[PDB]
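**Q** PDB entry and its sequence, pasted below:
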Amino acid sequence: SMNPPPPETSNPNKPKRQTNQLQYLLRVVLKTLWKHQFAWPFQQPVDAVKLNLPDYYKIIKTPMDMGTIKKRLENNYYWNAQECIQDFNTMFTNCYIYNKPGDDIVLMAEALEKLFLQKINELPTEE
Ligand SMILES: CCn1c(CSc2nc(N)n[nH]2)nc2c1c(=O)[nH]c(=O)n2Cc1ccc(Cl)cc1
């Protein structure tokens, strides 16, 4: 089983904004998770070929990863913070749905999700 095309990170049709909540999502939320020891499985689209996960994209129909998120943030793909928060939550959900409780990768996602929640609890006020 081949990999699918990755999620888009560029779309000139899509209206864009650069905003203080999006800026926080990049410089605080993404940066915190990206630097973590457990980030590496989440820093790029799942390569089902290299990882020998031939059923991954049969089960996961909304792939998402931090490499995509980082590019969406840096390339101002989003209109609002909720879009980006949803991408992180999609990524965590994918991991929990595909894998088994207690698997290493689920523990890794949990650790990142804890930090995500701690940072989005203090999402700033819109300017
Ligand atoms: C979170 C996505 N993911 C990736 C990362 S897919 C990847 N793509 C590329 N290019 N590098 N890593 N491995 C995964 C998964 C996933 O959901 N489920 C899995 O069982 N694996 C195998 C695995 C990898 C690392 C650890 Cl520590 C434990 C298990």
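**A** Yep, it's here. Numbering: from 1, shown residues only.
**Q** roughly how far does the residue nearest to residue 26 when sequence neighbours are not counted sit from residue 127?
**A** The shortest distance from residue 26 to any non-neighbouring residue, by CB to CB, 6 or more residues apart in numbering, is to residue 73 (4.2 Å). For the C-beta atoms, the positions are set from N, CA and C on the backbone; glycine is no exception. Residue 73 is 17 Å from residue 127, where distance means CB to CB, to the nearest Å.
**Q** okay, the two: which has more neighbours?
**A** residue 73 (23 against 7; other CB atoms under 10 Å).
**Q** can I assume that one is in contact with residue 84?
**A** Yes - with contacts counted by CB atoms under 8 Å, residue 73 reaches residue 84, the gap being 6.7 Å.
**Q** shared neighbours, these two?
**A** 22, 25 (CB atoms under 8 Å, 6 or more residues apart in numbering).
**Q** close to the ligand: what parts of this protein are there?
**A** 41-42, 44, 46-47, 50-51, 95, 98-99, 104-105 (CB under 6 Å from any ligand atom).
**Q** closest to residue 60 among these?
**A** The closest of these to residue 60 turns out to be residue 98 (CB to CB; 5.8 Å).
**Q** show me where the protein has helices.
**A** Assigned by DSSP state H, the chain shows helices spanning 20-24, 31-34, 56-59, 66-74, 81-98, 104-120.
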